[PDB]
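S.K.: Just the starting chains for now, same placement as in the complex:
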Amino acid sequence: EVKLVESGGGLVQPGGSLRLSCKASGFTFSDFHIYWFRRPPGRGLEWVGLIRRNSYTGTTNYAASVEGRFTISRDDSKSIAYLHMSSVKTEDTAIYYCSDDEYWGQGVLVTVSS
């Protein structure tokens, strides 16, 4: 059974920092790419970021709206993905999902306010 759990959400100031963490179990974490998505309230799903497996150059690709501000890193020891968000604006309020192209996570709510 594949289970994905997101954690680390909350409320942050407009220009603070936060660190979400996905977690995987039941399979080999080093043999799959990791994708990140989000759902703004009232709109459809959107793409956030992307990181490849460690045997396929381990590079990253980010969306245009989150270029430079958002960074994704992996950790093959703890099997925990990491999303680093900083200098956020007021439009970055959504529920962020951790997925492996087949199985998604429950998601966690991130809300920015003054």
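M.R.: That came in fine, so what should we check first? Numbers count the residues shown, from 1 in each chain, chains lettered A, B, ... in the order given.

S.K.: which residues in chain A form strands?
M.R.: A:3-7, A:11-12, A:17-25, A:34-39, A:46-51, A:60-62, A:70-73, A:80-86, A:94-99, A:108-112 (DSSP state E).

S.K.: Can I get these in CSV including mean neighbour count?
M.R.: From N, CA and C alone the C-beta is placed, and that goes for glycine too. Below are the strands of chain A laid out as CSV (neighbours: other Cβ atoms under 10 Å):
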stretch, mean neighbour count
strand A:3-7, 17
strand A:11-12, 14
strand A:17-25, 17
strand A:34-39, 20
strand A:46-51, 18
strand A:60-62, 15
strand A:70-73, 17
strand A:80-86, 18
strand A:94-99, 20
strand A:108-112, 17
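
S.K.: which residues are contacting stretch A:58-75?
M.R.: A:34, A:36, A:46-52, A:54, A:81-88, A:92 (Cβ atoms under 8 Å, 6 or more residues apart in numbering).

S.K.: got the end-to-end distance for that stretch?
M.R.: Taking Cα to Cα, to the nearest Å, stretch A:58-75 runs 11 Å from one end to the other.

S.K.: now that stretch, how far from the chain's geometric center?
M.R.: Distance, stretch centre to chain centre, for stretch A:58-75: 9 Å (Cα atoms, centre = their mean, to the nearest Å).

S.K.: same deal with stretch A:51-60?
M.R.: 15 Å.

S.K.: For it, buried residues please.
M.R.: Buried positions in stretch A:51-60, judged by neighbour count with 16 or more other Cβ atoms under 10 Å: A:51, A:53.

S.K.: And for stretch A:25-35?
M.R.: A:29, A:34-35.

S.K.: and the gap between the closest residue to residue A:88 other than its chain neighbours and residue A:24?
M.R.: Counting by Cβ to Cβ, 6 or more residues apart in numbering, residue A:88 lies nearest to residue A:112, which is 5.6 Å off, once chain neighbours are set aside. Distance from residue A:112 to residue A:24, counting by Cβ to Cβ, to the nearest Å: 27 Å.

S.K.: one more chain, chain B:
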Amino acid sequence: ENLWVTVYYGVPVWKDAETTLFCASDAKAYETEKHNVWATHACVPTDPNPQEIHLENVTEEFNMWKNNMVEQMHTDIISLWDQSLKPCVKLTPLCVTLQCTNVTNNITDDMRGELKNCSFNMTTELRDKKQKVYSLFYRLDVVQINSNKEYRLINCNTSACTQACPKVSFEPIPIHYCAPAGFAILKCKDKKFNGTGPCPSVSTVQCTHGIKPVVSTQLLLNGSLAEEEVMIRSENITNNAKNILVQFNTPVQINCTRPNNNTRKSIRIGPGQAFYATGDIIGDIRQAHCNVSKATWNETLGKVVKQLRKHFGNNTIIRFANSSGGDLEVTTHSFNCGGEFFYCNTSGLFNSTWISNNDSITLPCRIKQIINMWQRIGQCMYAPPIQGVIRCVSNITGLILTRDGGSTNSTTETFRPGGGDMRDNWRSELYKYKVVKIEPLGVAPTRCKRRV
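M.R.: Next up, chain B placed on what we already have:
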């Protein structure tokens, strides 16, 4: 440390090489009934999706003046022109004595003596009989062999050349060039590229863009525009014996017409062979011309002089003159408009001297029918007449200039139009492309040992 030799197959390493490139045609050319000169059935059409992969942290050196990619295109264009003049009529029985008189029905003084009315004896489908026919000829096609005087065609002492097939057309169509297996094409994505020099933005493409084989002299028509400013590219800017290639950023609309309407008359000269002569012009006889806007030409000539001072000095005087001399194909702007070959006088376009600190220009044109192309001797072609009134609209997207020379560089420099070899018309399109050869085998030190 303990280090051994480890081989790798498939490394991304390339070196410069030369190869043979094949075509890529569009779906419009896949459905053709009037077969073009550059038609299909010789080389494959393309796919609707280009494949462009951007290469990062890659710097490559380009050189547009020593590119083999523009010398194969010339051979392919010449080879596709000789392959369309075979199935139709060879005009060998036209080398007879012509009895020509002037025509003055409704002419206007310059078309005073441009057209000639000639009568001659021609063979028919039966070898025992002959027919007496007549046709209208231009003054540039007939010479005198010594008012009913005796004339002859201008080619009767060099060769007897084939008529143009009356079903084909001379309209250019785009052609894409693709790379074979084991090779690659590198495209420079820099916006201020000048030919020779390193290019810091290199991407890999599968096939090139559509390059229309437009044949012209002293002006580049229906080309590709620049993106930021005008571009002056030369192999050696100090040597005056090398042409200067100017590229525009905004097009100048040229628009020409042939005013008088002709009638095509068919004459049978043998079994299954026909000769298309000229009949009678309905109306008045008046000259053909080209028209360029007087205000738009000023804007696109005050920008060339601005960037021509960055190589010769900020306090020099730049002067434009007309062509010096030669044959009719290099001193005049020659092009094709609907099947008739024009030779226009571009002498009012370059009539300006620039100091350091609803109007049109009418260019008189002349039309010819016996033409020699690509500077070849002994192979002409007779273009049959076109019925009706001809009008075409084109864009001017560059010039081919040539500096005169002389001392006193800081005082005055004169630029006059150039032309000649057609390899400079297609060097202005294939200037960002380069062909390389992939070498996939290499060795490197690694701590891996055999006997596992």
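
S.K.: Do I have it right that residue B:39 meets residue B:32?
M.R.: Yes: with contacts counted by Cβ atoms under 8 Å, residue B:39 reaches residue B:32, the gap being 6.0 Å.

S.K.: quick one: which of those two has more around it?
M.R.: Of the pair residue B:39 and residue B:32, residue B:39 is the one with more neighbours under other Cβ atoms under 10 Å in any protein chain shown, namely 17 against 13.

S.K.: Check which helix or strand the more buried one maps to.
M.R.: Using DSSP states H and E, residue B:39 is not contained in any helix or strand.

S.K.: distance of it from residue B:158?
M.R.: 29 Å.

S.K.: Quick check: phi and psi at residue B:20.
M.R.: phi -110, psi 130 (degrees, to the nearest 10).

S.K.: okay, now it: neighbour count?
M.R.: 9.

S.K.: Same question for the one 5 residues further on.
M.R.: A count of nearby residues for residue B:25, using other Cβ under 10 Å, gives 21.

S.K.: Just give the closest residue to it, not the sequence neighbours.
M.R.: residue B:45 (4.3 Å; Cβ to Cβ, 6 or more residues apart in numbering or on different chains).

S.K.: these two touch, right, that neighbour and residue B:28?
M.R.: No: using Cβ under 8 Å as the test, residue B:45 is too far from residue B:28 to be in contact (9.9 Å).

S.K.: just so I have it, where are all the helices in the stretch 201-350 of chain B?
M.R.: B:294-302, B:304-307, B:309-312 (DSSP state H, counting those that start in this stretch).

S.K.: Got phi/psi on residue B:80?
M.R.: phi -80, psi -10.

S.K.: tell me the contacts of it?
M.R.: B:37-38, B:42 (Cβ atoms under 8 Å, 6 or more residues apart in numbering or on different chains).

S.K.: following sequence is chain C, place it on the structure:
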Amino acid sequence: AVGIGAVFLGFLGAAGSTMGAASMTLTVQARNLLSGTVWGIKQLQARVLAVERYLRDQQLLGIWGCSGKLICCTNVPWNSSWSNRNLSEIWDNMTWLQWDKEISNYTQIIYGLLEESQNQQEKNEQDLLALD
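M.R.: Next up, chain C placed on what we already have:
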């Protein structure tokens, strides 16, 4: 877990990466070496020349000990007179294009008698099999 085609570095897409990262994308450049009167012979000649040139590398891989393999390691020693460098400045701070111009005039010695040591491994192996 079903596959997305957007995560695919294309042909020569790792040409600017380091040597330790461009070594995991060998298949992309490996598969492109074998793809597909006048003006009907030159293309055939080019295809024939492309077929017989790919075979000359597979025959060169036939000798040595690397047959049907893209990453293959041998037991030929490396002296410091070829490239006196560490493993942290070749595989992490150098490109495959920059390495093929440094070790470029030292490759004929490597490609030759030093790596054709399989002749000392095929006669050292049939003798062992002829002893029971």
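
S.K.: The buried residues of stretch A:51-60 again, this time with chain C added?
M.R.: Judged by neighbour count using 16 or more other Cβ atoms under 10 Å in any protein chain shown, the buried positions of stretch A:51-60 are A:51-53, A:57.

S.K.: Please list which of those residues also come close to chain C.
M.R.: When contact is defined as Cβ under 8 Å from any Cβ of the partner chain, these meet chain C at A:52, A:57.

S.K.: Out of the buried residues of stretch A:51-60, the closest to residue A:107 would be?
M.R.: residue A:51 (18.2 Å; Cβ to Cβ).

S.K.: in the sheet, who's paired with that closest one?
M.R.: Residues in a beta bridge with residue A:51, per DSSP bridges, are residue A:34, residue A:60.

S.K.: Do I have it right that it meets residue A:34?
M.R.: Yes: with contact defined as Cβ under 8 Å, residue A:51 reaches residue A:34; the gap is 5.2 Å.

S.K.: shared neighbours of these two, which are they?
M.R.: With Cβ under 8 Å, 6+ apart, residue A:51 and residue A:34 have common neighbours A:72, A:74, A:81.

S.K.: What is the nearest of those residues to chain B?
M.R.: residue A:72 (18.9 Å; Cβ to the nearest Cβ).

S.K.: Report the beta-bridge partners for the closest one.
M.R.: Under DSSP bridges, the beta-bridge partners of residue A:72 are residue A:83.

S.K.: and the gap between it and residue B:429?
M.R.: Distance of residue A:72 to residue B:429, given as Cβ to Cβ: 43 Å.

S.K.: and what of residue B:386?
M.R.: Counting by Cβ to Cβ, the gap from residue B:386 to residue B:429 is 29 Å.

S.K.: Of the two, which one has the most company?
M.R.: It is residue B:429, of residue B:386 and residue B:429, that has more neighbours when counted by other Cβ under 10 Å, with 20 against 16.

S.K.: Burial check on the closest residue to chain C within the stretch 201-350 of chain B, number of neighbours?
M.R.: In the stretch 201-350 of chain B, the residue that lies nearest chain C is residue B:204 (5.3 Å; Cβ to the nearest Cβ). Other residues near residue B:204 come to 22 when the count uses other Cβ under 10 Å.
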